[PDB]
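Trainee: Model the structure of this input:
(one chain, ligands or ions: 3)
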Amino acid sequence: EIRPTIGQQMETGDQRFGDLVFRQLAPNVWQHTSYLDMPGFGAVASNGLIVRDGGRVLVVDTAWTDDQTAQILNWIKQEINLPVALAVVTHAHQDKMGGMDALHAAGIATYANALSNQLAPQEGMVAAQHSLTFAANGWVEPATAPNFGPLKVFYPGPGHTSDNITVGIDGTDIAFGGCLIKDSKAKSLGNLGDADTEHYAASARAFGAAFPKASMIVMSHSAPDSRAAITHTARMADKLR
Ligand SMILES: Nc1nc(C(=O)O)c(CCc2cccs2)s1
Ligand SMILES: [Zn+2]
Ligand SMILES: [Zn+2]
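Mentor: Residues are numbered from 1 along each chain as shown. Ligands and ions are numbered 1, 2, ... in the order given. See the structure here:
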């Protein structure tokens with residue numbers, strides 16, 4: 001407790017660690033959850049991923065702050081004890097990139113969509129060290145994503161932001177929609193202040209079609225859900241046109 005305003009509440013299978021919560025989703029994948037205190041509003045949860053690939057760890061998204069992001073690094077040290085090779089950050093918003101400085105201090109190599117890096121300062125964020133670029137079909141250009149192990153990085157098109165990207169984990173049932181996807185019971189699409197209302201639905205559908213195998217859809221502001229989250233996000237976006 002650890003009692004949010006937005007996101008998922010605490011449930012069995014979670015493990016608190018400082019101001020953060022971790023939940024194991026598969027033998028080599030964990031969800032990290034960190035909360036931001038907005039006075040007069042309360043605690044907003046954001047979720048990222050931690051992936052063990054052989055003998056290194058790969059991180060998807062920072063926490064809201066450097067301090068929380070260092071805490072993720074200490075949790076990895078305590079529970080995994082393997083070098084953190086890289087992190088991919090999924091768009092230039094505080095919940096996904098607020099802790100870049102913490103990663104760069106610890107020697108972790110960071111990657112973001114080129115557009116995220118160009119947006120980053122405008123959005124109050126530090127840029128990743130390296131820019132991912134994408135084919136017209138949305139798949140990352142492989143030269144720009146070296147040694148990514150099982151991470152399959154897809155740009156689905158503009159949606160929650162124009163720069164939003166997504167990540168599947170090969171050899172698991174998991175794909176990460178980030179802030180693009182909301183849960184199957186959600187009543188809205190979260191913050192649309194930077195959203196592309198015309199193209200959102202196509203981009204949600206493109207996410208689903210790019211990772212057709214995954215059955216566990218992880219997302220930034222809700223607990224992991226089924227593929228229903230994808231079709232539900234897409235219908236809710238259909239109303240935006
Ligand atoms: N930093 C923040 N990101 C989002 C987002 O939608 O990605 C926010 C809104 C959170 C909510 C999602 C669904 C209902 S509220 S805040
Ligand atoms: Zn965002
Ligand atoms: Zn968000």
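Trainee: tell me which residues in the host helix or strand of residue 118 are buried?
Mentor: In this structure, residue 118 is located in helix 114-119 according to DSSP states H and E. Neighbour-count burial for helix 114-119, counted by 16 or more other CB atoms under 10 Å, picks out 114-117, 119. For every residue, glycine as well, the C-beta is placed using N, CA and C.
Trainee: Next: stretch 43-51.
Mentor: Within stretch 43-51, the residues scored as buried using 16+ other CB under 10 Å are 43-51.
Trainee: and which of those residues is nearest residue 77?
Mentor: residue 50 (11.7 Å; CB to CB).
Trainee: got the contact list for the residue nearest to that closest one when sequence neighbours are not counted?
Mentor: Excluding its sequence neighbours, the residue lying closest to residue 50 (CB to CB, 6 or more residues apart in numbering) is residue 30, at 4.3 Å. Residue 30 makes contacts with 22-24, 49-50, as judged by CB atoms under 8 Å, 6 or more residues apart in numbering.
Trainee: beta partners for residue 30?
Mentor: residue 24, residue 50 (DSSP bridges).
Trainee: Pull up the residues of this structure that are close to ligand 2.
Mentor: Within the chain, the positions near ligand 2 by CB under 5 Å from the ion are 93, 179.
Trainee: Show me where the chain has its helices.
Mentor: Assigned by DSSP state H, the chain shows helices spanning 66-79, 94-97, 100-105, 114-119, 200-210, 228-238.
Trainee: Most tightly packed of those?
Mentor: Ranked by mean neighbour count under mean count of other CB atoms under 10 Å, these are led by helix 94-97, which reaches a mean of 25.
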